[PDB]
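As structure tokens, the structure follows; a few thoughts come after it.
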């Protein structure tokens, strides 16, 4: 029993992290086979970031200006290519610790583990969600660019995120592994606005089910509601609307606990309009939205991986 | 910027987890060199746990009744010994992935990472603290016994905890790697009482400093206080008393932020006696006590490990 914000075991990712330097700048890279993936602004100085012309900047660099380091062994850059906002540094030796991997672009509301790195060396791992406004509220210091987010499907590692920038508002933006930014952000040091951030309603409902599984039952109310009335309340509190796809996803949770998805919504509606009044759920005074329905099933059933 | 409950990278521990079976029972073991460490109640059935005589139980077993599995490769038990509540299963081949490691017994209030495992296979990693009453509020399902807690001092892994039991109150108890239980618990299925659980005051103060470092400043009050007056307030809210050793530990945080340790206590005292009134600190509506002063320095300075 019990519930925790669990991250994926990081060992398969640790062996893939390398240190990349172009000039003075040092950030992290992902060493898969004979290619190193890293943010393209490694070729920039602090001056270039205010208005970079990446095409012109990269042309002044050559394969010899890139120093990719893995521990105390140095890799030789045999070729470089720019794919969107990511740089593909081809080297001569394939990574012996290359795992079965996949590149995926996740949707807002999905969760993943971030392996925070500095100078190519792991420092810690934590679980987070992609906000509906395509940002992440992580912990990134200077030099942590190039740290990757990932999920683990048993034996296959699914890389979904590479960190690029901290916005002036202190939130973090990045790309998929093809270099396409999540959200309307560009890799340039200018004021960039993220959208209004909403609460991931389907995630909150799955967390309420986890509370029921682990003994927290006081919020189970005496009312019910419909999928049109609840969304009316949800919109007022900046909650994202619930669809029938979300109801279908919560099905196994409803079957395991005996509480209908619509019934749990009425419980949440009362929580929204009347607060929690000094009481906690699973040790929290706030409604939690960084657990997906799949995360709850994984932790409550104890699925393992390679 | 930003703050997260970060766990240590788990790769060095993943290569040490094996599956141990004696009869029907299956739990996890720690494969270091040519010894496998696992809870001694692996030799028990569900019936034996109500009143086990471990000496008599182990005598009926022999080296051939232990099946230690690592992935799809099986280890041969060449010898067994019982040290307190842990079983030392000596095998024939040393673990090639054995890291530089240490056995440590931590104190209450210290933090560590748990690698939750089932059937010898990793499932997830999370950070937690040893409560003052020597329990941990983790996430352990059936078969997760033998999962280990650890810290990483750059290149050396410090194993400090092995999970043994879930108390009837849903909290979790375990031992050090020499098999000595944390707290007054025995490995037997009987009603066992943990002490009153208090809040780790020095941890809360370090977290307040982290809030100041990351921009949360509203709680900085206009009063001050002394180390005898604050403990008077702390005792009323089940907060553990602050000593001069705790003040010395918070020194670098005070120097980095310019706020005296005694001044921050007066801020906390007001938070205790008057609440937080619908406001949050670092995204939390509750006062957090599972960050040590060392954790805050590590995350705010970005220290890395082997």
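The numbering of chain A matches Swiss-Prot: 3264-3569, in order.
According to its header, the structure was obtained by X-ray crystallography, 2.0 Å.
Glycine too: its Cβ is placed from the backbone N, Cα and C atoms.
A helical conformation is recorded for residue A:3304 (active site, for 3CL-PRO activity) in the three-state DSSP classification. Counting every protein chain shown, the number of other Cβ atoms lying within 10 Å of the Cβ of residue A:3304 (active site, for 3CL-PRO activity) is 23. Taken from Swiss-Prot, the feature active site, for 3CL-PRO activity covers A:3304 (among others), and the record attributes it to experimental evidence.
Residue A:3408 (active site, for 3CL-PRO activity) falls outside any helix or strand according to DSSP and counts as coil. Residues or ranges marked as active site, for 3CL-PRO activity in Swiss-Prot: A:3408 (among others).
Less than 8 angstroms from the CB of residue A:3268 (ubiquitin cross-link) sit A:3389, A:3390, A:3553, A:3554, each of them six or more residues away in the same chain. Per Swiss-Prot, ubiquitin cross-link is recorded for A:3268 (among others).
Residue A:3353 (ubiquitin cross-link) falls within a strand when secondary structure is assigned with DSSP. The Cβ of residue A:3353 (ubiquitin cross-link) has A:3297, A:3298, A:3299, A:3340, A:3341, A:3342, A:3343, A:3344 as same-chain neighbours under 8 Å, each 6 or more residues away in sequence. Sequence annotations record features per position, and here Swiss-Prot assigns ubiquitin cross-link to A:3353 (among others) based on experimental evidence.
Sequence annotations record features per position, and here Swiss-Prot assigns domain 'Peptidase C30' to A:3264-3569 based on sequence analysis.
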Can you tell me how far the Cα of residue A:3304 (active site, for 3CL-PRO activity) sits from the Cα of residue A:3408 (active site, for 3CL-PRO activity), in Å?
9
Select from the recorded positions A:3304, A:3353, A:3408: which have any Cβ-Cβ contact with chain B shorter than 8 Å?
none
